[PDB]
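Chemist: Can you look at this? It's an experimental structure, sequence on top.
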Amino acid sequence: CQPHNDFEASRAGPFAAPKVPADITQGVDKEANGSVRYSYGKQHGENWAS
Amino acid sequence: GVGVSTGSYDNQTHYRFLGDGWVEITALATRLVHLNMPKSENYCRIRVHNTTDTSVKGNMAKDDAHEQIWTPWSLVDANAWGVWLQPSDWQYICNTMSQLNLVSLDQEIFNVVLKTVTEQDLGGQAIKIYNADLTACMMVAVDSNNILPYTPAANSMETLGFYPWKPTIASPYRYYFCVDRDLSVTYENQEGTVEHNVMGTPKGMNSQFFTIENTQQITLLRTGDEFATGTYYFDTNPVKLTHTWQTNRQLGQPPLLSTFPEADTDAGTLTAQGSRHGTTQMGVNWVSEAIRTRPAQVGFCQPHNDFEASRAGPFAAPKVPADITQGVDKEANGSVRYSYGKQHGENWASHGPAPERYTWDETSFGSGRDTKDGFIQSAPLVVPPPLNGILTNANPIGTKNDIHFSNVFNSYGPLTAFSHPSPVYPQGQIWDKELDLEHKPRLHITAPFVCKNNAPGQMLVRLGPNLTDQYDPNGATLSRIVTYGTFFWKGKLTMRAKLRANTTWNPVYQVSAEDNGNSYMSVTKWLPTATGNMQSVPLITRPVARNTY
Amino acid sequence: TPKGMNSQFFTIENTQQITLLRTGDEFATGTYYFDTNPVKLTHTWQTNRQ
């Protein structure tokens, strides 16, 4: 079990404490299991038509 | 050809003193095995889902929901401490040796016997006649590659016989399969029936189906044949055979004594707590045996009964066992409780479906926890503990009067230091295969020894199917001749170990056998009865004291 | 504000040997070797239950 969204703050400022990704199971808990979400561009993989 | 033995019986234990404090201990064990023709002609994917308990709102832990794959093969897994050494031997080892590790291990199968049984009416009845079948043959296979799911015989408490002069049956083989099980949470009598509680269907990304027929070289052997495996070597590390008493309280230099006891009654004193040298992690201007900094952290608070759920379903999150201390917190410290049978150690006189059980308590007095004393205080640490500036094991955390910080606190930090789980002589798991993961656990609770290299390789075995005169697969007619088998097993578990020396003045605690009485260490406990019944009770592991600093 | 105990200021001009190359020139680096461990290309279905 990993702390769901444990925002820890430091001298640099508040941040999201990383968490080892894992299966989502039937719980459909994505953000809870650490399922990373990406955001790329056109020169990185997005359709040039969009 | 056939009609002659192919092996020798030997179930002893020799001690070869290699000097320099180290001694090579070779444990030989031979037993008679009894195998019956498996009922399942082929691999089955039986799905067991108990609802007699899961349906109830109160019952949550009694979730035996899973889908295993029953194979037509048995298994000769003698991974038990009591199936190798002798009751008396273990006493000598624990009392002398201070550490032990596994070295080699071999196996052999001689005097393979296969007979068939037929019905024969006698005076109107029907007695069974037993005729030996030479042409009959069995099948053996040692998956040293571990291509098949590792199935510890101790995890199901179905190893071989701990009694030399008594036969034993090989436990069937079966492994878990991919199935998405889900169970909702319900307390006592929650509003409405349990939300979700259903089994799952086979997935294509986790469908693990194996066959003994295509995962190992099956060696066919008859009555005159015999099998033997190579000398497997263990790479596991040695486990200390001593307990730790020193707690986080006693480590470095004790406080300087300012007063000396005049009588054996009174005691001495320390120096001014406010004016005394030392190191404390508090900004206060005083020190004590409770705030003084220590080299590390001995033991750690573990979440009491932290049931974590996954795609497979809810389960009890394992926890490293430790001393129970004066808190008498067994289930809180992780004191594992066992349940063995008669062929495993229970008295043969206690007739009944109720097996013997015992709760094993660790000997690591140093890493012992006590829920009846754990507490926290506000950042501004002050001598007088405010009513709101402290969290004792009596403050309802989470709108619950029984759920405190202790039940949900993990004090595991970079300073966490603990010992290993003392292996029990009876029904104790020796070695175990490591998990195929990038970051495997620092240790295993099931077995002290963990094969760093490859695993030993479970030994599978199945009786050769004796077909009848008539046969037709398409007609679902699997006519098989009633046949069974009885083969002997011979194994030698060589392992070296070092013995400690008397470096103290006061005699250290030992394991003795008091006279026949209420005393737990009673001799009758390991002595036959008028009828011949016997029982094997756990032994005191790590009797000698060990200084942890 | 900038601290004196954590002031990390670097310059590409004083942290590496800059190789000047024109149109007819060309650069190439040595054969770097990795010491990283191999990563399994398979998933695990077995849970604490089985």
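Modeler: Now that the structure is in, tell me what you want to look at. Residues are numbered from 1 along each chain as shown, chains lettered A, B, ... in the order given.
Chemist: and the nearest residue to residue A:19 once chain neighbours are set aside, how far is that from residue A:18?
Modeler: Residue nearest to residue A:19 in three dimensions, not counting chain neighbours: residue A:34, with 4.1 Å by Cβ to Cβ, 6 or more residues apart in numbering or on different chains. For the C-beta atoms, the positions are set from N, CA and C on the backbone; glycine is no exception. Residue A:34 sits 8 Å away from residue A:18, going by Cβ to Cβ, to the nearest Å.
Chemist: Next, count neighbours for residue A:29.
Modeler: When counting by other Cβ atoms under 10 Å in any protein chain shown, one arrives at 15 neighbours for residue A:29.
Chemist: Of all residues in chain A, which one is nearest the centre?
Modeler: residue A:36 (3.4 Å; Cα atoms, centre = their mean).
Chemist: so what's it up against?
Modeler: By Cβ atoms under 8 Å, 6 or more residues apart in numbering or on different chains, the residues touching residue A:36 are residue A:21.
Chemist: Run through the bridge partners of residue A:9.
Modeler: Assessed by DSSP bridges, residue A:9 has beta-bridge partners residue A:14.
Chemist: That one: how many residues sit nearby?
Modeler: The tally of other residues near residue A:9 (other Cβ under 10 Å) stands at 8.
Chemist: how close does it get to residue A:17?
Modeler: Following Cβ to Cβ, the distance that separates residue A:9 from residue A:17 is 10 Å.
Chemist: Could you check which residue of chain A lies nearest chain C?
Modeler: Here chain A gets closest to chain C at one residue, residue A:23, 8.4 Å apart by Cβ to the nearest Cβ.
Chemist: who's in contact with residue A:18?
Modeler: residue A:34.
Chemist: wait, is it part of a helix?
Modeler: No. Per DSSP: H, G, I helix; E, B strand; the rest coil, residue A:18 lies outside any helix segment and is coil.
Chemist: Could you check how far it is from residue A:36?
Modeler: Taking Cβ to Cβ, one finds residue A:18 at 10 Å from residue A:36.
Chemist: Let me see the contact set for whichever residue of chain A sits closest to chain B.
Modeler: Distances between chain A and chain B by Cβ to the nearest Cβ are smallest at residue A:25, namely 3.1 Å. Contacts for residue A:25 were tallied using Cβ under 8 Å, 6+ apart; they are A:33, B:180, B:309, B:310, B:311, B:312.
Chemist: That one: what secondary structure?
Modeler: coil.
Chemist: before we move on, back to that, tell me which element the residue nearest to the centre of chain A is part of?
Modeler: Under DSSP states H and E, no helix or strand contains residue A:36.
Chemist: ok, back up a step: residues contacting the residue nearest to residue A:19?
Modeler: Taking Cβ under 8 Å, 6+ apart, we find residue A:34 in contact with A:2, A:18, A:19, A:20, A:21, A:22.
Chemist: Please state the backbone phi and psi of the nearest residue to the first one once chain neighbours are set aside?
Modeler: By the measure of Cβ to Cβ, 6+ apart, the closest residue to residue A:2 outside its immediate chain neighbours is residue A:19, 4.7 Å from it. Backbone geometry at residue A:19, expressed as degrees, to the nearest 10, gives phi -150, psi 130.
Chemist: looking at it, residue A:19 is touching residue A:8, isn't it?
Modeler: No. Taking contacts as Cβ atoms under 8 Å, residue A:19 lies outside contact range of residue A:8: 11.6 Å.
Chemist: Between those two, point out the one with more neighbours.
Modeler: residue A:19 (17 against 9).
Chemist: contacting residues for the more buried one?
Modeler: Counting by Cβ under 8 Å, 6+ apart, residue A:19 touches A:2, A:3, A:6, A:34.
Chemist: Narrow the residues you listed to those that are buried.
Modeler: Buried members of the contacts of residue A:19, counted by 16 or more other Cβ atoms under 10 Å in any protein chain shown: none.
Chemist: check contacts around residue A:6.
Modeler: Residue A:6 neighbours (Cβ under 8 Å, 6+ apart): A:16, A:17, A:19.
Chemist: Once you drop chain neighbours, what's closest to the second one?
Modeler: Spelled out, it's residue A:17. Among residues not flanking residue A:17 along the chain, residue A:6 sits closest, at 4.4 Å (Cβ to Cβ, 6+ apart).
Chemist: How many neighbouring residues does the nearest residue to residue A:30 once chain neighbours are set aside have?
Modeler: Excluding the flanking residues, the one nearest residue A:30 by Cβ to Cβ, 6+ apart is residue A:24, at 5.7 Å. The number of residues packed near residue A:24 is 15, by other Cβ under 10 Å.
Chemist: Next: residue A:16.
Modeler: 9.
Chemist: The nearest residue to residue A:40 once chain neighbours are set aside: helix or strand, and which one exactly?
Modeler: Take residue A:40 and drop its neighbours on the chain: the residue closest to it by Cβ to Cβ, 6+ apart is residue A:46, 6.0 Å away. Secondary structure assignment for residue A:46, by DSSP H and E: no helix or strand.
Chemist: Verify the contact between residue A:46 and residue A:39 for me.
Modeler: No. Using Cβ under 8 Å, residue A:46 is not in contact with residue A:39, being 9.5 Å away.
Chemist: Looking at these two, which one has more neighbours?
Modeler: Counted by other Cβ under 10 Å, residue A:46 and residue A:39 do not tie: residue A:46 has more neighbours, with 11 against 6.
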